[PDB]
Amino acid sequence: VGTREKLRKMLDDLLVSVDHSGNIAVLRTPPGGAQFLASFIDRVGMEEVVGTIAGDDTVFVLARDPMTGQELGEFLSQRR
Amino acid sequence: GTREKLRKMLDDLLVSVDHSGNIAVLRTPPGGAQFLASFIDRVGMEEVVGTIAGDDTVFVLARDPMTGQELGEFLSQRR
Amino acid sequence: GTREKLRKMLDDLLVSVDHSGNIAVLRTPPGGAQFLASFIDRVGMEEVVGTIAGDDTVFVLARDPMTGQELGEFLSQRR
Amino acid sequence: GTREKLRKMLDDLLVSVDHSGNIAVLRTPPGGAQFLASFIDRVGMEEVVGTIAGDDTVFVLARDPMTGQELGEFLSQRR
Amino acid sequence: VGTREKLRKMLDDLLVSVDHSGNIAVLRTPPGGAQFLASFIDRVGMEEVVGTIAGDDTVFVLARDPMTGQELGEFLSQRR
Amino acid sequence: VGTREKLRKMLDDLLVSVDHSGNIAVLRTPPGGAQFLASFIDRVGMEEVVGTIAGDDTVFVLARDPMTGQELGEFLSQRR
Ligand SMILES: NC(=[NH2+])NCCC[C@H](N)C(=O)O
Ligand SMILES: NC(=[NH2+])NCCC[C@H](N)C(=O)O
Ligand SMILES: NC(=[NH2+])NCCC[C@H](N)C(=O)O
Ligand SMILES: NC(=[NH2+])NCCC[C@H](N)C(=O)O
Ligand SMILES: NC(=[NH2+])NCCC[C@H](N)C(=O)O
Ligand SMILES: NC(=[NH2+])NCCC[C@H](N)C(=O)O
C-alpha cells in the first residue's frame, strides 16, 4: 500500500522512543528490531539522513549538516 | 505469548517457510531476522530447542523426534 | 548470478569448507560471513534451503536428500 | 586455550545447554552469543565443525558420528 | 550480587580501551564482545547516555548534551 | 601482497559511497558488507580514527578531534 503509509505503520509498530544528541537522532526499538527499522529508513531515502547504523534495539541516524539530531527526530515524531 | 501476537507477527514478518532435517527455515524481509526470532523465543515453545537469526533468515531447531517440516508447518498454520 | 561472481567471491572470501549432516559450513575472514552469504542467497540455489551468517562462519542448509558434504563440494569446486 | 579460560567463561556466559541431532544449542545472556562463540572457535576443537552466534544463542555443529548431545555434554562438564 | 558490582566486573572483564571524540565515547572489546558490554550499559540506565550501538568489538555511546564523550569515558574509567 | 595494496582493492571492491556529517564519515557497502570493510580499517590502524561501528551495509567511522568526517572521508577517497 506504498512506501508512504508503511512508513507510519512501521514507525508506530516499532519506535519505542526517540532521543537525540548533536547530529544524531537515537531510535529505540524492541529487542532485535533495530536492523528492521533502519532498513525502511534507508529505503524511503531521506536526504537529511547521511546514513544509519542499527545494533539490536538501537539505531543511530546521522543528520546531514546543517540539520541536527533534534530536528531529525522531530521530522520523525510527526510521521507517526 | 501468542494471543494477538502469534499470527499477527508471522503475517507481518514471515515471508516463507522451508525445512530440511530437524531445522525449519524462516525468511524475513531485510533486517527482520532478529526481530521475528525474538517473538519465537519469547513464547518458549518446548519443541524449539533454540533459534539463530541472521539478517533475513532464522534457523529453528526442532527437538527430536519432531521434524523441521512439522515445526515449520505450525508457524505457517498461524496464518 | 554466477558468471564472473561465483568463483571470484569464493576465492576472495571462502577460507575453508567443512560439513556435518545436511549442513555445509563456510569459514570467512572476520566480519565476512554476512557478505559471502549475501552472494549465495542471491543466486537462489534450489538445494540451499537457506543460509545463516554469523561473523566469520556461514551455515548452509542442504535440501534433503542432498547432504551437507555434497553441497560444500560444489562451492569448493567453483575454485 | 582452555587452561583457566574454559570453565571460567562457560560459568560466566553459558546459561543452558540443549541439543537436537548433530547440533548443540548454547543460550547466553542478551548480546552474549558472539562473545562465547569466540572462545569456542579459538580452542579449535576438532569435533566442532563450526559455530554460528546470534544474539543470545549459539549453534554448535558436531562432526558426525558425534552427536549434538555428546558435544553439549562436554561444555556442560567444564563446570 | 547486584547491578552495582557486576558493572565493575563486567567492565574489568571486557573493556580493552576507552577513547572519545566529540559527543561519543568509544569502547573497545575483545572480538564478539561489543553487544554483551553494551547490554549492561543500557541496563544500568545512565541518563547522560542517550543510547548505545554495538558492533563486534566496538561500542559507540552517545553522550547527552551538554555532556561530552571525554566526560562520559572518564565517568566509566572510574567504575573499573 | 601486504596490508598496503589490499587496502585499495578492499576499498575498490566494497565502497559504494562515502559521505560525512560532523566528526563521522559514513561508508556505504553492499548488503552484508559493513563488518568486512570495517575489519580492515581497524586493522590498518589509522590513528585519526578513534573507532568504527559496522551495521549491515553502513560503517560509521569516528574522526579523532581535531579531524573531521569530511577530512576523514577524503583521506579515504584517495586510497581508492
Ligand atoms: N540483546 C542485546 N544484544 N542487547 C544489547 C544491545 C546493545 C545496543 N543498544 C545495540 O542495540 O547495539
Ligand atoms: N544483508 C545481508 N547481510 N544479507 C545476507 C543475509 C544472509 C543470511 N540469509 C542471513 O540471514 O544471515
Ligand atoms: N568476532 C567474533 N564475534 N568472532 C566469533 C565468531 C563466532 C561464529 N564463528 C560466527 O561466525 O558467528
Ligand atoms: N535481542 C534479540 N535479537 N533477541 C532475539 C535472539 C534470537 C536468537 N535466539 C539469536 O540468538 O539469534
Ligand atoms: N570480526 C569483525 N567483524 N571485525 C570488524 C568489526 C568492525 C567494527 N569495529 C565493529 O565492531 O562493528
Ligand atoms: N539488510 C539490512 N539489515 N538492512 C538494514 C541495514 C540498516 C543500517 N543501514 C545498517 O547497516 O546497520
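Criteria and thresholds
- Residues numbered from 1 in each chain as written, not as in the entry; some residues may be left out.
- Chains lettered and ligands numbered in written order.
- Heavy atoms only, no water.
- Near = heavy atom within 4 Å.
- Polar contact = N/O pair within 3.5 Å; in protein donor to acceptor, adjacent residues only side chain to side chain.
- Areas by Shrake-Rupley, 256 points an atom, 1.4 Å probe, with all protein chains shown as cover.
- Helix = DSSP H or I, 4+ residues; strand = E, 2+ residues; numbered from the N terminus.
- Nonpolar A, V, L, I, M, F, W, Y, C, P; charged D, E, K, R; others polar.
- Contact = heavy atoms within 4.5 Å.
- Buried area = accessible area lost by both parts, 1.4 Å probe.
- Salt bridge = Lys/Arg side-chain N within 4 Å of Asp/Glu carboxyl O.
- Buried < 20%, exposed > 50% of the residue type's maximum accessible area, 1.4 Å probe, protein only.
- Least-squares fit on C-alpha atoms.
- 1 Å grid on protein atoms, 1.4 Å probe; cavity = no way out; pocket = protein on both sides within 12 Å on 5 of 7 lines; lining within 4 Å.
- Points joined across faces, edges and corners; volume = space filled by probe spheres on them.

- Method-wise, the PDB entry is recorded as coming from X-ray crystallography, at a reported resolution of 1.7010 Å.

Re the site of ligand 1
Here's step 1: Around ligand 1, a shell composed of 14 residues is seen, among which A:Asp56, A:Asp57, D:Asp55, E:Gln35 and E:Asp42 lie nearest.
Here's step 2: More than one chain reaches ligand 1: its neighbouring residues belong to chains A, D and E.
Here's step 3: In the model, a nitrogen atom of ligand 1 is placed 3.1 Å from a nitrogen or oxygen of the E:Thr52 main chain.
Here's step 4: For ligand 1, whose accessible area on its own is 350 Å², the fraction buried by protein is 96%.
Here's step 5: Counting only elements with at least two residues in the shell around ligand 1, the list comes to α2 (34-44) and β3 (49-54) of chain E.
Here's step 6: With four residues, α2(E) is the largest single contributor of residues to the shell around ligand 1.
Here's step 7: Here the residues of the shell around ligand 1 are counted per class, giving four nonpolar, six polar and four charged.

Some words on the interface of chain B and chain C
Here's step 1: Opposite the 15 residues of chain B that make contact, chain C presents 15 residues.
Here's step 2: Overall, the association of chain B and chain C removes approximately 980 Å² of surface from exposure, summing both partners, and the carbon and sulfur fraction of that is 57%.
Here's step 3: For the interface between chain B and chain C, the tally reads two salt bridges.
Here's step 4: Of the charged contacts in the structure, one is a salt bridge between C:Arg42 and B:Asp56, with a shortest N-O distance of 3.8 Å.
Here's step 5: Viewed at the interface, chain C and chain B are joined by five residue pairs in polar contact.
Here's step 6: Grouping the constituent residues of the side of chain B that touches chain C by class yields six nonpolar, five polar and four charged.

Brief notes about the side chain of C:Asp56
Here's step 1: If you trace the backbone, C:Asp56 turns up in the loop between β3 (48-53) and β4 (57-62).
Here's step 2: At 2.9 Å, the side chain of C:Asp56 and the side chain of C:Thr57 are in polar contact.
Here's step 3: In this structure C:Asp56 touches C:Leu26, C:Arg27, C:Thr28, C:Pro29, C:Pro30, C:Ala33, D:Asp41 and D:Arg42, once residues within four positions along its chain are discounted.

So, the environment of B:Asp64
Here's step 1: You can see B:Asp64 is positioned in the loop between β4 (57-62) and α3 (68-77).
Here's step 2: Judged by relative accessible area, B:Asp64 falls into the exposed class, the value being 56%.

Examining unusual backbone geometry
Here's step 1: Along the chain, C:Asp64 connects to C:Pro65 via a cis peptide bond; the corresponding omega equals 5 degrees.
Here's step 2: Examined against the element boundaries, C:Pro65 turns out to sit in the loop between β4 and α3 (68-77).

Observations concerning the site of ligand 6
Here's step 1: The environment of ligand 6 is made up of 14 residues, and the closest members are A:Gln35, A:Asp42, B:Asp55, F:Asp56 and F:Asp57.
Here's step 2: Ligand 6 is flanked by residues contributed from chains A, B and F.
Here's step 3: Within the side chain of B:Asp55, a nitrogen or oxygen atom sits 2.8 Å from a nitrogen atom of ligand 6.
Here's step 4: At a separation of 3.3 Å, a nitrogen atom of ligand 6 approaches a polar side-chain atom of F:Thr58.

A closer look at the relation of the copies chain B and chain C
Here's step 1: When chain B is fitted onto chain C, the two copies agree to an RMSD of 0.0 Å after a turn of 120 degrees and an axial shift of 0.0 Å. Taken together, the rotation and translation relating the two chain copies correspond to the operation of a three-fold axis. Rotation axis and chain B: the residue whose C-alpha lies nearest the axis is B:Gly54, separated from it by 3.9 Å.

Some thoughts on empty space enclosed by the protein
Here's step 1: Counting across every chain of the model gives five cavities of 30 Å³ or more.
Here's step 2: If you go around the largest cavity, you meet 30 residues; those closest to its centre are B:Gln34, C:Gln34, D:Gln34, E:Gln35 and F:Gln35.
Here's step 3: When grouped by side-chain class, the residues that make up the lining of the largest cavity number seven nonpolar, 17 polar and six charged.
Here's step 4: Each pocket or cavity is described by its volume, and for the second largest cavity that value is around 120 Å³.
Here's step 5: Around the second largest cavity, the lining is made up of 15 residues, and of these B:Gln34, B:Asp41, B:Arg42, D:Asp55 and D:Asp56 lie nearest the centre.
Here's step 6: Among the secondary structure elements, those contributing two or more residues to the lining of the second largest cavity are α2 (33-43) and β3 (48-53) of chain B.
Here's step 7: Sort the elements by how many residues they give to the lining of the second largest cavity and α2(B) lands first, with five residues.

Topic: the pattern of salt bridges
Here's step 1: Tallying each qualifying case throughout the model produces 27 salt bridges over all chains.
Here's step 2: Where B:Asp56 meets B:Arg27, a salt bridge forms, and the shortest distance between an N and an O atom there is 2.9 Å. Here B:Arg27 lies in strand β2 (residues 23-27) and B:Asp56 lies in the loop between β3 and β4, a separation of 29 residues in the sequence.
Here's step 3: Assessed through its relative accessible area of 10%, B:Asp56 is described here as buried.
Here's step 4: Put simply, D:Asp41 and D:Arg42 hold a salt bridge, and the shortest N to O gap is 3.4 Å.
Here's step 5: Under the relative-accessibility criterion, D:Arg42 is labelled partly exposed at 47%.
Here's step 6: Because the salt bridges share partners, they merge into one network encompassing B:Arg27, B:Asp56, C:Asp41 and C:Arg42.

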